[PDB]
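Structure first, then comments.
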Amino acid sequence: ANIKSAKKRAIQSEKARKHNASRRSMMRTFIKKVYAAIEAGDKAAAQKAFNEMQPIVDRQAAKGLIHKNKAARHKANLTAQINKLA
Amino acid sequence: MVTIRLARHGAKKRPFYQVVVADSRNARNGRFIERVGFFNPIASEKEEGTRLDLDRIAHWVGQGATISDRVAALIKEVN
Amino acid sequence: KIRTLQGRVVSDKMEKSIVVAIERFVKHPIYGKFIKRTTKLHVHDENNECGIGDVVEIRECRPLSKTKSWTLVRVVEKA
Amino acid sequence: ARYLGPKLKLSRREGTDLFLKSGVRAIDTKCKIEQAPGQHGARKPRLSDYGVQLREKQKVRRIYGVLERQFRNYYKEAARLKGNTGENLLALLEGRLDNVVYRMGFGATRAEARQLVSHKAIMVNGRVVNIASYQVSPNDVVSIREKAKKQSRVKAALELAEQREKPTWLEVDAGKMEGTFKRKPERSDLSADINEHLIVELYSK
RNA sequence: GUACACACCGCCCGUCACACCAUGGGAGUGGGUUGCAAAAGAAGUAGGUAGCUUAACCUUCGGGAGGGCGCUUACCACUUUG
RNA sequence: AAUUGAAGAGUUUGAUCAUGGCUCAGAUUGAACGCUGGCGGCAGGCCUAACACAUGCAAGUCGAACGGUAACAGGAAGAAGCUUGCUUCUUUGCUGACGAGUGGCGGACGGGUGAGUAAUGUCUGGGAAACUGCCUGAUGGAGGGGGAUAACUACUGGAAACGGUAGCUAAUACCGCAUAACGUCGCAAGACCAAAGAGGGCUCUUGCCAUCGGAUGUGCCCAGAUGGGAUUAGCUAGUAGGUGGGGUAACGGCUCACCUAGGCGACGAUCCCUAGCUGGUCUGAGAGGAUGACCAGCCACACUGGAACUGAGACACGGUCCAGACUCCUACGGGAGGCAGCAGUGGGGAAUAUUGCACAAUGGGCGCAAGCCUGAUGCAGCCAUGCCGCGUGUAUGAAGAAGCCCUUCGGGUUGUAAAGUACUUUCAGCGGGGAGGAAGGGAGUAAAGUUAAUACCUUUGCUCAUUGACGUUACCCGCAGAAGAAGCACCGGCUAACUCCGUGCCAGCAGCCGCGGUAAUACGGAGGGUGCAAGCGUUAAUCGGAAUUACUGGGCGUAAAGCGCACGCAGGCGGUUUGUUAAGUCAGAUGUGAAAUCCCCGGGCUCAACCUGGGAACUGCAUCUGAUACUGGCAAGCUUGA
Ligand SMILES: [K+]
Ligand SMILES: [K+]
Ligand SMILES: [K+]
Ligand SMILES: [K+]
Ligand SMILES: [K+]
Ligand SMILES: [K+]
Ligand SMILES: [K+]
Ligand SMILES: [K+]
Ligand SMILES: [K+]
Ligand SMILES: [K+]
Ligand SMILES: [K+]
Ligand SMILES: [K+]
Ligand SMILES: [Mg+2]
Ligand SMILES: [Mg+2]
Ligand SMILES: [Mg+2]
Ligand SMILES: [Mg+2]
Ligand SMILES: [Mg+2]
Ligand SMILES: [Mg+2]
Ligand SMILES: [Mg+2]
Ligand SMILES: [Mg+2]
Ligand SMILES: [Mg+2]
Ligand SMILES: [Mg+2]
Ligand SMILES: [Mg+2]
Ligand SMILES: [Mg+2]
Ligand SMILES: [Mg+2]
Ligand SMILES: [Mg+2]
Ligand SMILES: [Mg+2]
Ligand SMILES: [Mg+2]
Ligand SMILES: [Mg+2]
Ligand SMILES: [Mg+2]
Ligand SMILES: [Mg+2]
Ligand SMILES: [Mg+2]
Ligand SMILES: [Mg+2]
Ligand SMILES: [Mg+2]
Ligand SMILES: [Mg+2]
Ligand SMILES: [Mg+2]
Ligand SMILES: [Mg+2]
């Protein structure tokens, strides 16, 4: 980078990348647990996983890691599938 | 944001300004939303140097449009 | 009202989808003769009611597929 | 940007006096007006329709001392202006400050009037105008500068103007050396010798 | 009647020969572009997890959760072959 | 008021009329070249190599987020040569500030280019399933904690670029927890989600979080329109549709699994070639034709190919990663770079400018502000590249002078032309005056508002200094003197303008027809003339003339042209009456049709070019409301066509 602000921006974007990826990975891990429980066919396990996931997706949306619509989609999709599992 | 500012037209050494409402990002003489008046800095005596549509300007200020320093001074001198 | 088009069904082979031919009478730009022009639209038919040769009314809607942004309103005439 | 050559040759080619001299003496005494200029001038060749049209346009240009580009622009303006194009064209040429100064009698010739205008001796509505092509509106007042009032040429020109027929559309006061352009001259006011239709046709060629 | 008009001692056709010019074919030859069938797999992103490692949370204080790195798979640019 | 609009000619023949091609007169240009060249105003200026690029500059800013203190500029304190009261020398972020660093915001704008793209583009008109920093309206919140880390310090690896290890530290950096509803998920019950402080003197200002609005920007969908080629006719398996899952801000084959076999195409699919699109521009009486430089809108691209990350926004010109070709540095291990920003260089080319000045104005980023940054922009330089204006004198002047050219030697012509005489001084030159572009901002000053407060802050008047790159400004005035200022093409016909001499089918000219072989208005020179004029010619290029692709507006017995004949699908077209419909059509209204441009009426630069106010126009598209003759649809007929 030729310009000073660009050099600083590259450092900050890399720091942001690492921070975001960690949170993004964690959120996906919790979402995967819900889907695994649905695949297992245990509604109670699915609901427990869902309850752990819900605060994470909501908070990450608030942090701006994801959009609120995406958080809403995850909750809506999972709720429907868990209800079908019943 | 939306702003009211002077687009510089006219000829060299004889500036004539159109008062326009524009997205601030756009070039000075580029895309604008609406023309609300004009300012002629070198207007002759017996000729109207400044004309402004205050109702349209007020409407835009109500919608959150900012005003450039020069346009604000022009509004003051008009009223 | 709601903007609608009326056309003849030309294909009903697709499941829940029909191809409708809309005829427009247009004056030729140079020659000035009024010429029939055809526009074919893929239309959604939920109940697979329509059949080839039927006259139907269709309305524009959100995209339902790659080629479908129109839905059946009514079957005006059966084949 | 001005013709600086011999004046009488132009009149000889046209075959009519273009008033390119003061008129203190007859043109016939000064030159052989009848004969065209040059070695073969005595011979009178037959003139084509194009030739007739060209000669009429050149005559009008030579009278007012306008070059082709400016004259073409006058034609275009006259055609754009409402009414008779040919009449409009003559009106534009008459409206020139140069012509008005000569017609008011401040200048002996249009060329003399030109020098007066160019040399900032002329005021229009109390402002100095040094542009020969400047168009004088009705009710405009054209006056010599106070400094230039003392010039001998201007006094001589006024005397010559008395000998000439007085323009109806111009009101001029001698001694005061001011004049008013009352109205744009009518076609009737101008000479019937000029055939403006030939010029209009020529520019449609 | 005529395709003649310094007017039938008119006009005018084609092969052949010579020169020159554009162009078709031509064993093929060399480039450009491109189809198809495959090969390939940098970086990145996503999925998975031999191993390694870990500030913030939890903890019975051992650890756990989660994360990172590494590895692996998918996609794909270069490139390669017919 | 927005109009006013339309020319032909030459050339086939012994001659004619017709047909028909070719050629010319016009207008225009980002032009180039040749000859020539005074000034000014305004505008324009790599059309080729999207070739390669030396050097400088084109993006920062904020100390009112933070730890700080590398500077410097003080202060204080303490020591000092001891100005004996300053000076010197230290210490102290102590302060004005402020390097480097963290953090915020900007860097997605502004600027360039037209390579790609024949549609994931553009234009016009509709539309639904969206998001949207800064700005703005409303209603609330803003509690209480934690773990880090850069800078820094020590050490350490590299030639360099760039690092590594350990220790320490802050925040409006980061993460829990509490709070949780006009928010999200849910049929509901329920469940779940945030925040940040800082500054001025308890108060004020500003910032932070949530939700809902507005505004702006952006994504997406549909219809019509938008080059050429059929000696390209078939094309397509995520293909076309469905179901479900995933994905997106959002609808969607967007993706995937499964199911069905579709979908597109002679109303030209597919393939090939070419091309950024538009407002407009040039031409034209118009209808058309041609074009898309400058200016403005949209799109695309940023060494080439590819990829994501950060972010409200990018798959990012002066960011990141990878690969490649190039250039470069190297200690040979490894590094670095991207002017289609501005200026400039080399190269290519018929051809296209200065490595300028200033942020004074307008506008943009950051900032409470002051201000800082801004090759945007304003200006200046260069160039007759164009447009426009102006000058290069002007009256008098027969001697009709010389000299030239022609001549029947009488003369004629150059030519009032020149001299001579009398005047004028624009512009150029020299000198002296002198606007406007400046708004604001900064100090004070008063009042009001605010508040515990005549504080601070804000607002509004008031007062005082002050801000112009252009710039030796525009403009004005004075001075001296005709002084300092004319060329280019053409003269056989078309086509305005004629002779002499030289040359003798040569040398040469030439747009066409043609000219030149000894009396050439056609070559070359001269005299004279014609047309233009600071230009004039030539070449290239577009439209015109060309009614010569003919919609307006042509033809086909013999000039080019009726298929050898016929049947017939698609298509085009169709007798007469009534009713109905209202699609075409017609009328009105509404929305839209960016601004600029063009046109009309005005205004401003001494005029003009140029600039500018308002209108008209934008012939279109959509919708709504009407009319119903004609055409179409539908229904019922009728008899004349069949
Ligand atoms: K910064
Ligand atoms: K050959
Ligand atoms: K002809
Ligand atoms: K392009
Ligand atoms: K697809
Ligand atoms: K689907
Ligand atoms: K066009
Ligand atoms: K590219
Ligand atoms: K941002
Ligand atoms: K500035
Ligand atoms: K026709
Ligand atoms: K009818
Ligand atoms: Mg001129
Ligand atoms: Mg060959
Ligand atoms: Mg790989
Ligand atoms: Mg600093
Ligand atoms: Mg924060
Ligand atoms: Mg909470
Ligand atoms: Mg191209
Ligand atoms: Mg025509
Ligand atoms: Mg993001
Ligand atoms: Mg950038
Ligand atoms: Mg660059
Ligand atoms: Mg450059
Ligand atoms: Mg060269
Ligand atoms: Mg700088
Ligand atoms: Mg002639
Ligand atoms: Mg001879
Ligand atoms: Mg031409
Ligand atoms: Mg034509
Ligand atoms: Mg014909
Ligand atoms: Mg024959
Ligand atoms: Mg024939
Ligand atoms: Mg026949
Ligand atoms: Mg209708
Ligand atoms: Mg417009
Ligand atoms: Mg009927």
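Order of the sequence lines fixes the chain letters, A, B, ..., with proteins taken first and strands second; residue numbering starts at 1 for each chain.
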Between the protein and nucleotides 286-297 of chain F, list every N/O to N/O distance that falls short of 3.5 Å.
residue: F:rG297; atom: OP1; partner: B:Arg31; partner atom: N; Å: 2.8

For residues 59-67 of chain C, tabulate all N or O donor-acceptor pairs below 3.5 Å that involve a side-chain atom, not counting sequence neighbours.
residue: C:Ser65; atom: OG; partner: C:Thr67; partner atom: N; Å: 3.4
residue: C:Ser65; atom: OG; partner: C:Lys68; partner atom: N; Å: 3.1
residue: C:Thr67; atom: OG1; partner: C:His42; partner atom: ND1; Å: 2.7

Position toward the 5' end of RNA chain F (nearest nucleotide), D:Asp49 or C:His42: D:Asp49
Within 6.0 Å of NZ in D:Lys205, more than 12 heavy atoms from elsewhere: yes
Between protein and nucleic acid, restricted to nucleotides 130-134 of chain F and to nitrogen or oxygen atoms under 3.5 Å apart, what atom pairs and distances do you find?
residue: F:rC131; atom: OP1; partner: A:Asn69; partner atom: ND2; Å: 2.9
residue: F:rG133; atom: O6; partner: B:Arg25; partner atom: NH1; Å: 3.3
residue: F:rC134; atom: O2; partner: B:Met1; partner atom: N; Å: 2.9

Find every protein N or O atom lying less than 3.5 Å from an N or O atom of nucleotides 430-438 of chain F, and list the pairs.
residue: F:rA438; atom: OP2; partner: B:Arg70; partner atom: NH1; Å: 2.7
residue: F:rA438; atom: OP2; partner: B:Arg70; partner atom: NH2; Å: 3.2

Can you sort out which residues in residues 71-79 of chain B have a heavy atom within less than 4.0 Å of RNA chain F? Ascending by number, please. B:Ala73, B:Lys76
Can you see if the side chain of D:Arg69 gets near the phosphate of F:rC388 - specifically, an N or O under 4.0 Å from OP1 or OP2? yes
Dump the pairs, protein N or O against N or O of nucleotides 478-480 of chain F, anything under 3.5 Å, distances to one decimal.
residue: F:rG478; atom: OP1; partner: D:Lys147; partner atom: NZ; Å: 3.4
residue: F:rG478; atom: OP2; partner: D:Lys147; partner atom: NZ; Å: 3.0

Go through residues 198-205 of chain D and report each residue with a non-hydrogen atom lying under 4.0 Å from RNA chain F, sorted by number. D:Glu201, D:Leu202, D:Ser204, D:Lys205
Residues of residues 32-42 of chain D with any non-hydrogen atom less than 4.0 angstrom from an atom of RNA chain F: list those, numerically ordered, please. D:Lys32, D:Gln35, D:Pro37, D:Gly38, D:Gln39, D:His40
Indicate, with a heavy-atom threshold strictly under 4.0 Å, whether D:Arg62 touches base, sugar-phosphate, or nothing. sugar-phosphate
Show the distances under 3.5 angstrom between N or O atoms of the protein and N or O atoms of nucleotides 246-248 of chain F.
residue: F:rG246; atom: OP1; partner: A:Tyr35; partner atom: OH; Å: 2.6
residue: F:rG246; atom: OP1; partner: A:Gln81; partner atom: OE1; Å: 3.4
residue: F:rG246; atom: OP1; partner: A:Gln81; partner atom: NE2; Å: 3.1
residue: F:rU248; atom: OP1; partner: A:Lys70; partner atom: NZ; Å: 3.4
residue: F:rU248; atom: OP2; partner: A:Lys70; partner atom: NZ; Å: 2.8
residue: F:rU248; atom: OP2; partner: A:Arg73; partner atom: NH1; Å: 2.9
residue: F:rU248; atom: OP2; partner: A:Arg73; partner atom: NH2; Å: 3.3

What's touching nucleotides 162-168 of chain F from the protein side, N or O pairs under 3.5 Å?
none

Under the side chain to side chain donor-acceptor pair (under 3.5 Å) definition, can you give me all pairs with a residue in residues 64-73 of chain B, not counting sequence neighbours? none
Counting only heavy atoms and a strict 4.0 angstrom limit, can you tell me which residues of residues 75-84 of chain D come near RNA chain F? D:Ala79, D:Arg80, D:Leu81, D:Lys82, D:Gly83
